[PDB]
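**Student:** Take these chains first, placed just as they are in the complex:
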Amino acid sequence: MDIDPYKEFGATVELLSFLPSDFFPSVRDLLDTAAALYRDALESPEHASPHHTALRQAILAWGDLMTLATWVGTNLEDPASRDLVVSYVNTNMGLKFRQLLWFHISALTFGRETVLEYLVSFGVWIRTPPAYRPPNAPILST
Amino acid sequence: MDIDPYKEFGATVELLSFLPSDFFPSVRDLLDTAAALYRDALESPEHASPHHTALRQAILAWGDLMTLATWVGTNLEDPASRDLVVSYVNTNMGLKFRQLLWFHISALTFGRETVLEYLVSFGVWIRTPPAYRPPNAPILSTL
């Protein structure tokens, strides 16, 4: 079966390819902003929203990957094939957990309809020719 | 943060830990079951429940992990080291995903309440020493 992480939220993996893969801030910055003012709500015993739910399942699925990145560093004796794994997890796999972490946190902050309009408005700027492309990128705010 | 992926659904991971590793069925059976009787809803653009939502995020997160073991096979060289990683994903985290994949799917066909009532009732079964322990474990009916 072909599940899309963003389908139920009115988005799609298509629409998020609009954003360049070198947008989405670091996983550090994301998780930090999560525990900023959602720390309480995330540890709450009640699913505040479908957004909150996915954010929890994403944060933990990432946590499983940091437990993997540690066990690999302390059980793989060959450091040529040990640092080939601890790189892929913190780089390539981290990208999917950056899009997901951005999307859900941005929604809890600004609103899912505001986010979906941002994804579209960005796809006008990013696809606007460099000559007329305005100096400032569109940024989510209030 | 300290996030229990079961706190939402009236459960805890401590309650889910009592289950022995030989309890949950294979990840292949866990995904064959999911697609067999929830696919239409899982691929749907409707947040059918908090249960469904978390199931998707789990099925996907695991699909991420099988992309890792596919990459490790054809990018990691040392055959004794690439089968140390491939055996960790396939086993140690696999149980964590078998615990979660089972839970959300179970509560979909029996309800969160009937499931939690089981976990408790099973908890007191396995906690009973084998001598006084009833011959067969309690089994989950729709009741």
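**Tutor:** Received the coordinates, thanks. Numbers count the residues shown, from 1 in each chain, chains lettered A, B, ... in the order given.

**Student:** Please see if whichever helix or strand residue A:28 is part of touches chain B.
**Tutor:** Under the criterion of DSSP states H and E, residue A:28 resides in helix A:27-37. Yes: shown here: helix A:27-37 in contact with chain B (C-beta under 8 Å from any C-beta of the partner chain) through A:34-35. All C-beta atoms are positioned from the backbone trio N, CA, C, and that covers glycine.

**Student:** Which strands or helices does that helix pack on?
**Tutor:** In this structure, helix A:27-37 makes packing contacts with helix A:50-73, helix A:85-110, judged by 3 or more C-beta pairs under 8 Å, 6 or more residues apart in numbering or on different chains; DSSP states H and E.

**Student:** In CSV, list those along with distance to residue B:56 and mean neighbour count.
**Tutor:** Output for those, formatted as CSV (distance: least, C-beta to C-beta, whole Å; neighbours: other C-beta atoms under 10 Å in any protein chain shown):
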stretch, distance to residue B:56, mean neighbour count
helix A:50-73, 8, 20
helix A:85-110, 11, 19
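
**Student:** Run a quick neighbour tally on residue A:45.
**Tutor:** By the other C-beta atoms under 10 Å in any protein chain shown criterion, the neighbourhood of residue A:45 contains 12 residues.

**Student:** ok, for residue A:134, nearest residue in space, not its chain neighbours?
**Tutor:** Spatially, and ignoring its direct neighbours in sequence, residue A:134 is nearest to residue A:125 (7.0 Å; C-beta to C-beta, 6 or more residues apart in numbering or on different chains).

**Student:** meant to ask about residue A:45, not that
**Tutor:** Using C-beta to C-beta, 6+ apart and skipping residues adjacent in sequence, the residue nearest residue A:45 is residue B:7, 5.0 Å away.

**Student:** add chain C to the structure above:
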Amino acid sequence: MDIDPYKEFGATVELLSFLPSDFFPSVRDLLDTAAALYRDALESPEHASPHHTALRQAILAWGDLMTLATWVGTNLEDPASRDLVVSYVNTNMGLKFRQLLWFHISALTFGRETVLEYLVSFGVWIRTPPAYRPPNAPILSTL
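**Tutor:** Okay, here's chain C dropped in alongside the others:
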């Protein structure tokens, strides 16, 4: 003064002496169960029941015994001369705690009367010669 901790709950110590001392699960399994099902109620500012109160004062009694049971190692220079310290109280005395932790937890999950009828029922089961009756045993559950 002879205070029976089970008296106010419709039972006696003479009764829980019936379930053969190796029937009650391990203290950790007990405590985990208390965390899994009653943690929130145990940290509440409301005396949820006479059961909750006694169990709070019991987990903390053993919380005064871990700490003291289970003690000597960070303060006793002498590692040995404890053949039946040791332990021992964690065997011939730290069994009272397992009885209480079971009784109160079981009653909070199944009901005071349900447990008092199970105390009796299972009591007559094990008291049979290991003979004809039966294969299965009485067990607290949700049938």
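
**Student:** Please re-evaluate the neighbour count of residue A:45 in the presence of chain C.
**Tutor:** Using other C-beta under 10 Å, residue A:45 has 13 other residues around it.

**Student:** hang on, isn't it packed against residue B:8?
**Tutor:** Yes: with contact defined as C-beta atoms under 8 Å, residue A:45 counts as touching residue B:8 (6.9 Å).

**Student:** Next, show the common contact partners of these two.
**Tutor:** Where contact means C-beta atoms under 8 Å, 6 or more residues apart in numbering or on different chains, no residue is in contact with each of residue A:45 and residue B:8.

**Student:** how far out from the middle of the chain is the helix holding residue A:28?
**Tutor:** In terms of C-alpha atoms, centre = their mean, to the nearest Å, the gap separating the centre of helix A:27-37 from the centre of its chain is 11 Å.

**Student:** now stretch A:75-89
**Tutor:** On the basis of C-alpha atoms, centre = their mean, the separation between the geometric centre of stretch A:75-89 and that of its chain is 24 Å.

**Student:** Just the terminal-to-terminal distance for that stretch.
**Tutor:** End-to-end distance for stretch A:75-89, by C-alpha to C-alpha, to the nearest Å: 16 Å.

**Student:** now do stretch A:68-79
**Tutor:** Taking C-alpha to C-alpha, the first and last residues of stretch A:68-79 lie 16 Å apart.

**Student:** same deal with stretch A:40-59?
**Tutor:** 14 Å.

**Student:** same thing with stretch A:30-47?
**Tutor:** Using C-alpha to C-alpha, the end-to-end distance of stretch A:30-47 comes out at 20 Å.

**Student:** what does stretch A:4-16 rub up against?
**Tutor:** Contacts of stretch A:4-16 from elsewhere in the structure, counted by C-beta under 8 Å, 6+ apart, are A:50-51, A:54, A:99-100, A:103, A:107, A:112-113, A:115-116, A:119-120, A:123, B:43-47, B:53, B:56-57, B:60.

**Student:** then chain D, please:
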Amino acid sequence: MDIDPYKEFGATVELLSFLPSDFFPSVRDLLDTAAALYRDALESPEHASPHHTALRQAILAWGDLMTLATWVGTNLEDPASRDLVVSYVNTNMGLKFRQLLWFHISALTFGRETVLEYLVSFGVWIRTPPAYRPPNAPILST
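**Tutor:** To build on what is shown above, here is chain D added in:
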């Protein structure tokens, strides 16, 4: 599993520590108190209150500590011992079982509220410069 045995009784462990440790009477005193005014009430088969319940469990928990302080001593002879053993029991948790055995015994004979009103009413009286305070202590009435 952070359990405060005073929380259900509208108090905290911090508030009991607010009183000086030379305040709560000896355990031999406290145990003689219950058997004096409540012996019938405690050996009673109905939980007269949450206090009666907690106090019964406390007296037995202490009885298990004078059973341990006796069995450490009744094969040994190396130091005392009764050295770093039957002193610690009768020093550190001894204070705790003086604090607890008092609190509950008091509320039965005074009133849950009057007890808490007093714990504060004392506690700070002793924390008051002598030149400007009542001659002797403030003392529980009702």
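
**Student:** let's see the neighbour count of residue A:45 again after adding chain D.
**Tutor:** Residue neighbour count, defined by other C-beta under 10 Å, stands at 13 for residue A:45.

**Student:** tally of neighbours for residue A:6?
**Tutor:** 20.

**Student:** so what's whatever residue of chain A ends up closest to chain D up against?
**Tutor:** When C-beta to the nearest C-beta is the measure, chain A has its nearest residue to chain D at residue A:43, with 15.5 Å between them. Contact analysis of residue A:43 by C-beta under 8 Å, 6+ apart lists B:1-3, B:7.

**Student:** Enumerate the positions of the helix holding residue A:28 that are buried.
**Tutor:** Neighbour counts using 16 or more other C-beta atoms under 10 Å in any protein chain shown place A:27, A:30-31, A:33-34 of helix A:27-37 among the buried residues.

**Student:** now do stretch A:1-14
**Tutor:** The neighbour-count criterion (16+ other C-beta under 10 Å) identifies A:3, A:5-9, A:11 as the buried residues of stretch A:1-14.

**Student:** my guess is residue A:123 meets residue A:17, correct?
**Tutor:** No: at 9.2 Å, residue A:123 does not count as touching residue A:17 under the criterion of C-beta under 8 Å.

**Student:** Just want to know which of these two has more residues nearby.
**Tutor:** Each of residue A:123 and residue A:17 has its neighbours counted (other C-beta under 10 Å); residue A:123 has more, 16 against 12.

**Student:** mind checking how far residue A:5 is from chain C?
**Tutor:** Here residue A:5 is placed at a distance of 31 Å from chain C (C-beta to the nearest C-beta, to the nearest Å).

**Student:** What residue in chain A comes nearest to chain C?
**Tutor:** Distance from chain C to each residue of chain A (C-beta to the nearest C-beta) is smallest for residue A:45, at 8.3 Å.
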